[PDB]
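So this block is upload.cif, mmCIF, C-alpha atoms and all ligand atoms; chains and numbers go by the auth columns:
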data_upload
#
loop_
_atom_site.group_PDB
_atom_site.id
_atom_site.type_symbol
_atom_site.label_atom_id
_atom_site.label_comp_id
_atom_site.label_asym_id
_atom_site.label_seq_id
_atom_site.Cartn_x
_atom_site.Cartn_y
_atom_site.Cartn_z
_atom_site.B_iso_or_equiv
_atom_site.auth_seq_id
_atom_site.auth_asym_id
ATOM 1 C CA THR A 1 6.438 -31.432 25.730 0.00 7 A
ATOM 2 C CA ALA A 2 8.967 -34.204 25.863 0.00 8 A
ATOM 3 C CA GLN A 3 7.308 -37.574 26.432 0.00 9 A
ATOM 4 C CA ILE A 4 7.839 -38.959 29.917 0.00 10 A
ATOM 5 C CA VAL A 5 7.736 -42.741 29.451 0.00 11 A
ATOM 6 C CA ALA A 6 8.692 -43.884 32.943 0.00 12 A
ATOM 7 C CA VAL A 7 8.756 -42.403 36.412 0.00 13 A
ATOM 8 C CA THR A 8 10.552 -43.851 39.439 0.00 14 A
ATOM 9 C CA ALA A 9 10.974 -42.518 42.952 0.00 15 A
ATOM 10 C CA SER A 10 12.662 -43.068 46.294 0.00 16 A
ATOM 11 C CA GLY A 11 9.249 -43.663 47.871 0.00 17 A
ATOM 12 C CA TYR A 12 5.676 -42.512 47.953 0.00 18 A
ATOM 13 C CA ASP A 13 2.580 -42.283 50.173 0.00 19 A
ATOM 14 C CA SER A 14 1.210 -45.765 49.637 0.00 20 A
ATOM 15 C CA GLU A 15 -1.747 -45.339 51.961 0.00 21 A
ATOM 16 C CA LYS A 16 -3.175 -42.488 49.891 0.00 22 A
ATOM 17 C CA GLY A 17 -1.679 -43.799 46.660 0.00 23 A
ATOM 18 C CA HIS A 18 0.232 -40.626 45.796 0.00 24 A
ATOM 19 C CA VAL A 19 2.352 -42.684 43.412 0.00 25 A
ATOM 20 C CA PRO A 20 5.250 -41.478 41.255 0.00 26 A
ATOM 21 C CA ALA A 21 3.287 -41.752 37.978 0.00 27 A
ATOM 22 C CA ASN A 22 0.868 -39.144 39.330 0.00 28 A
ATOM 23 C CA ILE A 23 3.559 -36.523 38.697 0.00 29 A
ATOM 24 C CA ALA A 24 3.243 -36.944 34.925 0.00 30 A
ATOM 25 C CA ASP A 25 -0.397 -37.914 34.238 0.00 31 A
ATOM 26 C CA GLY A 26 -1.586 -34.556 33.022 0.00 32 A
ATOM 27 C CA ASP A 27 -3.904 -34.174 35.973 0.00 33 A
ATOM 28 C CA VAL A 28 -3.085 -31.434 38.533 0.00 34 A
ATOM 29 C CA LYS A 29 -5.477 -33.087 41.017 0.00 35 A
ATOM 30 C CA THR A 30 -3.206 -36.188 41.409 0.00 36 A
ATOM 31 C CA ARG A 31 0.218 -35.920 43.069 0.00 37 A
ATOM 32 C CA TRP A 32 3.334 -37.753 43.978 0.00 38 A
ATOM 33 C CA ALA A 33 4.213 -37.312 47.651 0.00 39 A
ATOM 34 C CA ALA A 34 7.077 -38.725 49.749 0.00 40 A
ATOM 35 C CA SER A 35 8.584 -37.863 53.158 0.00 41 A
ATOM 36 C CA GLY A 36 12.115 -36.896 54.046 0.00 42 A
ATOM 37 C CA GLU A 37 14.875 -36.401 51.508 0.00 43 A
ATOM 38 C CA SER A 38 13.436 -38.045 48.435 0.00 44 A
ATOM 39 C CA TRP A 39 13.838 -38.164 44.656 0.00 45 A
ATOM 40 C CA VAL A 40 11.653 -38.574 41.587 0.00 46 A
ATOM 41 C CA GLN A 41 13.153 -39.505 38.228 0.00 47 A
ATOM 42 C CA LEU A 42 11.630 -38.860 34.813 0.00 48 A
ATOM 43 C CA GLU A 43 12.718 -40.983 31.854 0.00 49 A
ATOM 44 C CA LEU A 44 12.071 -39.508 28.423 0.00 50 A
ATOM 45 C CA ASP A 45 11.461 -41.551 25.279 0.00 51 A
ATOM 46 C CA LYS A 46 14.944 -40.653 24.019 0.00 52 A
ATOM 47 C CA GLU A 47 17.932 -38.438 24.662 0.00 53 A
ATOM 48 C CA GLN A 48 16.908 -34.977 23.556 0.00 54 A
ATOM 49 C CA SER A 49 17.316 -31.238 24.117 0.00 55 A
ATOM 50 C CA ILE A 50 15.812 -29.874 27.316 0.00 56 A
ATOM 51 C CA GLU A 51 15.071 -26.172 27.636 0.00 57 A
ATOM 52 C CA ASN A 52 12.493 -25.865 30.409 0.00 58 A
ATOM 53 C CA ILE A 53 10.730 -27.681 33.227 0.00 59 A
ATOM 54 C CA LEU A 54 7.189 -26.881 34.355 0.00 60 A
ATOM 55 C CA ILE A 55 6.717 -27.633 38.077 0.00 61 A
ATOM 56 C CA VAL A 56 3.321 -27.545 39.789 0.00 62 A
ATOM 57 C CA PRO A 57 3.953 -28.130 43.497 0.00 63 A
ATOM 58 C CA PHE A 58 1.135 -29.055 45.906 0.00 64 A
ATOM 59 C CA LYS A 59 -0.445 -26.229 47.972 0.00 65 A
ATOM 60 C CA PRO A 60 2.075 -23.756 46.596 0.00 66 A
ATOM 61 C CA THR A 61 0.779 -20.654 48.402 0.00 67 A
ATOM 62 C CA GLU A 62 1.212 -22.433 51.748 0.00 68 A
ATOM 63 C CA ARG A 63 4.345 -24.479 51.188 0.00 69 A
ATOM 64 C CA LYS A 64 7.667 -23.831 49.413 0.00 70 A
ATOM 65 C CA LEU A 65 9.355 -27.029 48.221 0.00 71 A
ATOM 66 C CA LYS A 66 13.109 -27.297 48.538 0.00 72 A
ATOM 67 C CA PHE A 67 14.720 -29.233 45.689 0.00 73 A
ATOM 68 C CA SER A 68 17.553 -29.818 43.252 0.00 74 A
ATOM 69 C CA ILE A 69 17.412 -30.841 39.567 0.00 75 A
ATOM 70 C CA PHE A 70 19.821 -33.149 37.799 0.00 76 A
ATOM 71 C CA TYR A 71 20.123 -34.503 34.289 0.00 77 A
ATOM 72 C CA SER A 72 21.747 -37.597 32.772 0.00 78 A
ATOM 73 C CA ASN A 73 21.932 -39.713 29.668 0.00 79 A
ATOM 74 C CA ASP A 74 22.625 -42.979 31.505 0.00 80 A
ATOM 75 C CA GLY A 75 20.554 -42.670 34.703 0.00 81 A
ATOM 76 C CA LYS A 76 23.749 -43.299 36.780 0.00 82 A
ATOM 77 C CA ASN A 77 25.931 -40.192 36.359 0.00 83 A
ATOM 78 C CA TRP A 78 24.251 -36.890 37.091 0.00 84 A
ATOM 79 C CA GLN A 79 24.949 -33.234 36.401 0.00 85 A
ATOM 80 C CA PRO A 80 23.121 -30.411 38.126 0.00 86 A
ATOM 81 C CA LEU A 81 20.817 -27.990 36.419 0.00 87 A
ATOM 82 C CA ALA A 82 20.468 -26.256 39.788 0.00 88 A
ATOM 83 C CA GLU A 83 20.769 -27.163 43.449 0.00 89 A
ATOM 84 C CA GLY A 84 18.981 -25.887 46.575 0.00 90 A
ATOM 85 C CA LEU A 85 16.057 -24.161 44.835 0.00 91 A
ATOM 86 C CA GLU A 86 12.736 -23.335 46.481 0.00 92 A
ATOM 87 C CA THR A 87 9.415 -23.099 44.681 0.00 93 A
ATOM 88 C CA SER A 88 7.527 -19.843 44.849 0.00 94 A
ATOM 89 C CA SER A 89 4.490 -19.319 47.060 0.00 95 A
ATOM 90 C CA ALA A 90 3.305 -16.350 45.000 0.00 96 A
ATOM 91 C CA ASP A 91 0.476 -18.165 43.223 0.00 97 A
ATOM 92 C CA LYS A 92 -1.184 -21.456 42.174 0.00 98 A
ATOM 93 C CA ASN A 93 -0.082 -21.381 38.545 0.00 99 A
ATOM 94 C CA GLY A 94 3.097 -23.463 38.724 0.00 100 A
ATOM 95 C CA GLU A 95 6.444 -22.222 37.457 0.00 101 A
ATOM 96 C CA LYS A 96 8.382 -22.496 34.189 0.00 102 A
ATOM 97 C CA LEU A 97 12.024 -23.072 35.070 0.00 103 A
ATOM 98 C CA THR A 98 14.613 -22.242 32.418 0.00 104 A
ATOM 99 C CA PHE A 99 18.313 -22.871 32.054 0.00 105 A
ATOM 100 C CA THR A 100 21.042 -23.290 29.451 0.00 106 A
ATOM 101 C CA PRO A 101 19.723 -26.127 27.266 0.00 107 A
ATOM 102 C CA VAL A 102 21.130 -29.584 27.842 0.00 108 A
ATOM 103 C CA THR A 103 20.791 -33.015 26.284 0.00 109 A
ATOM 104 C CA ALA A 104 19.247 -35.621 28.565 0.00 110 A
ATOM 105 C CA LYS A 105 17.241 -38.853 28.701 0.00 111 A
ATOM 106 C CA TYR A 106 16.624 -38.572 32.460 0.00 112 A
ATOM 107 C CA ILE A 107 15.677 -35.709 34.750 0.00 113 A
ATOM 108 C CA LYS A 108 15.861 -36.275 38.504 0.00 114 A
ATOM 109 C CA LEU A 109 14.578 -34.017 41.255 0.00 115 A
ATOM 110 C CA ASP A 110 16.108 -34.559 44.681 0.00 116 A
ATOM 111 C CA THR A 111 13.604 -33.051 47.141 0.00 117 A
ATOM 112 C CA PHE A 112 14.011 -31.904 50.743 0.00 118 A
ATOM 113 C CA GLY A 113 10.444 -31.238 51.938 0.00 119 A
ATOM 114 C CA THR A 114 8.936 -27.833 52.479 0.00 120 A
ATOM 115 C CA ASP A 115 9.127 -24.971 54.949 0.00 121 A
ATOM 116 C CA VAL A 116 5.998 -26.420 56.645 0.00 122 A
ATOM 117 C CA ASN A 117 6.812 -30.116 57.015 0.00 123 A
ATOM 118 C CA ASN A 118 8.999 -32.889 55.650 0.00 124 A
ATOM 119 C CA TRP A 119 6.685 -33.938 52.806 0.00 125 A
ATOM 120 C CA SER A 120 7.608 -33.335 49.186 0.00 126 A
ATOM 121 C CA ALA A 121 4.474 -33.217 47.065 0.00 127 A
ATOM 122 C CA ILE A 122 4.230 -32.378 43.340 0.00 128 A
ATOM 123 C CA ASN A 123 1.020 -32.301 41.322 0.00 129 A
ATOM 124 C CA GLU A 124 2.641 -32.199 37.901 0.00 130 A
ATOM 125 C CA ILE A 125 5.923 -31.842 36.101 0.00 131 A
ATOM 126 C CA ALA A 126 6.441 -31.425 32.382 0.00 132 A
ATOM 127 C CA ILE A 127 9.571 -31.005 30.236 0.00 133 A
ATOM 128 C CA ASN A 128 9.720 -28.392 27.444 0.00 134 A
ATOM 129 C CA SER A 129 6.313 -26.891 28.292 0.00 135 A
ATOM 130 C CA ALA A 130 4.525 -24.211 26.310 0.00 136 A
ATOM 131 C CA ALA A 131 2.796 -22.947 29.500 0.00 137 A
ATOM 132 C CA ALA A 132 2.054 -19.211 29.426 0.00 138 A
ATOM 133 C CA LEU A 133 4.108 -18.442 32.476 0.00 139 A
ATOM 134 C CA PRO A 134 7.128 -16.148 32.915 0.00 140 A
ATOM 135 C CA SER A 135 10.522 -17.830 32.643 0.00 141 A
ATOM 136 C CA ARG A 136 12.331 -18.308 35.944 0.00 142 A
ATOM 137 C CA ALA A 137 15.972 -18.826 35.089 0.00 143 A
ATOM 138 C CA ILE A 138 17.498 -21.221 37.654 0.00 144 A
ATOM 139 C CA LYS A 139 21.136 -21.096 36.831 0.00 145 A
HETATM 140 CA CA CA B . -0.750 -35.242 38.499 0.00 201 A
#
Do you think you could lay out the structure here as structure tokens?
Amino acid sequence: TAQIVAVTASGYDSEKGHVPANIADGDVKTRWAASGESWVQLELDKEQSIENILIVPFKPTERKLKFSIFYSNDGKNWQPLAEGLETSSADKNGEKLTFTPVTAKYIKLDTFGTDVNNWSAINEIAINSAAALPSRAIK
């Protein structure tokens, strides 16, 4: 996987400490969570080729997360990989999202809550994962 060196976000659940770094700590038991329309931004160690994103949303069989994914080299000007996606509720395995490869230093997810409530909660994200999951092409 591509090294995530820094994570930032619009906000987070500070009472439970569901901080942005939890999205990239390699532990599916910790999560980032924020309410309302939110965003979480992943900075890689360098600009590099991106071919997949692994997303492990919280309570996936109960809650489908609505989100969009953007990429950038400067962290200021964004291009979409896909907009208005929902995560699957089929199982608890996460999903491997695929797309025409791009070059990026930053990946940003703009999130819109779930079909259950207005929290966005993600256990883990990884970039260029080898997870043994079927490819879900997103655009
Ligand atoms: Ca985590």
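Relative to atom CA of residue A:127, atom CA of residue A:11 is found at 20.3 Å.
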List all protein, DNA and RNA residues that have an atom no more than 9 Å from any atom of ligand CA 201 (chain A), counting all atoms listed in the file, and report them as an mmCIF file with C-alpha atoms, keeping the file's coordinate frame.
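selection-v2.cif was written with the following content:
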data_model
loop_
_atom_site.group_PDB
_atom_site.id
_atom_site.type_symbol
_atom_site.label_atom_id
_atom_site.label_comp_id
_atom_site.auth_asym_id
_atom_site.auth_seq_id
_atom_site.Cartn_x
_atom_site.Cartn_y
_atom_site.Cartn_z
ATOM 1 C CA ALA A 27 3.287 -41.752 37.978
ATOM 2 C CA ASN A 28 0.868 -39.144 39.330
ATOM 3 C CA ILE A 29 3.559 -36.523 38.697
ATOM 4 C CA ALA A 30 3.243 -36.944 34.925
ATOM 5 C CA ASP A 31 -0.397 -37.914 34.238
ATOM 6 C CA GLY A 32 -1.586 -34.556 33.022
ATOM 7 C CA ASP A 33 -3.904 -34.174 35.973
ATOM 8 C CA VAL A 34 -3.085 -31.434 38.533
ATOM 9 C CA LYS A 35 -5.477 -33.087 41.017
ATOM 10 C CA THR A 36 -3.206 -36.188 41.409
ATOM 11 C CA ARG A 37 0.218 -35.920 43.069
ATOM 12 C CA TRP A 38 3.334 -37.753 43.978
ATOM 13 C CA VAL A 62 3.321 -27.545 39.789
ATOM 14 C CA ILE A 128 4.230 -32.378 43.340
ATOM 15 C CA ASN A 129 1.020 -32.301 41.322
ATOM 16 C CA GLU A 130 2.641 -32.199 37.901
ATOM 17 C CA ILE A 131 5.923 -31.842 36.101
#
Residues near residue A:45, cut-off 8 Å, all atoms listed in the file, skip fewer than 2 positions along chain, as number ranges by chain: A: 15-17, 43, 47, 114-117
Might you pull out every residue within 8 Å of stretch 93-99 of chain A, with all atoms listed in the file counted and same-chain residues fewer than 5 positions away left off, and present them as a PyMOL selection string? chain A and resi 62-63+65-72+139
What does the distance between atom CA of residue A:101 and atom CA of residue A:10 come to in Å, to one decimal place?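 A separation of 18.4 Å between them.
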To one decimal place, how far is atom CA of residue A:126 from atom CA of residue A:64 in Å? 8.4 Å
Which of these, A:113, A:144, A:40, A:59, has the shortest distance to residue A:19 once you count only C-alpha atoms?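 Counting only C-alpha atoms, the residue closest to residue A:19 is A:40.
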Which residues would end up in the selection if the PyMOL selection byres (((chain A and resi 78) around 10) and not hetatm) were applied here, given that I need the answer as a ChimeraX atom specification? /A:49,53,76-77,79-86,108-114
Counting all atoms listed in the file, which residue out of A:119, A:61, A:88, A:145 sits closest to residue A:44? A:119
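Considering the residues A:100, A:125, A:12, A:136 and counting only C-alpha atoms, residue A:57 has its shortest atom-to-atom contact with A:136.
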Decode the PyMOL selection byres (((chain A and resi 105) around 8) and not hetatm) for the given file into explicit residues and return them as number ranges by chain. A: 57-58, 87, 103-104, 106-107, 143-145
As AutoDock Vina command-line options, please: the centre and edge lengths in Å, to one decimal, of an axis-aligned box enclosing every listed atom of stretch 66-80 of chain A with 6 Å added on each side.
--center_x 11.7 --center_y -31.8 --center_z 40.7 --size_x 33.8 --size_y 34.3 --size_z 34.1
Across A:7, A:120, A:20, A:54, the smallest distance to residue A:134, with only C-alpha atoms counted, is shown by A:7
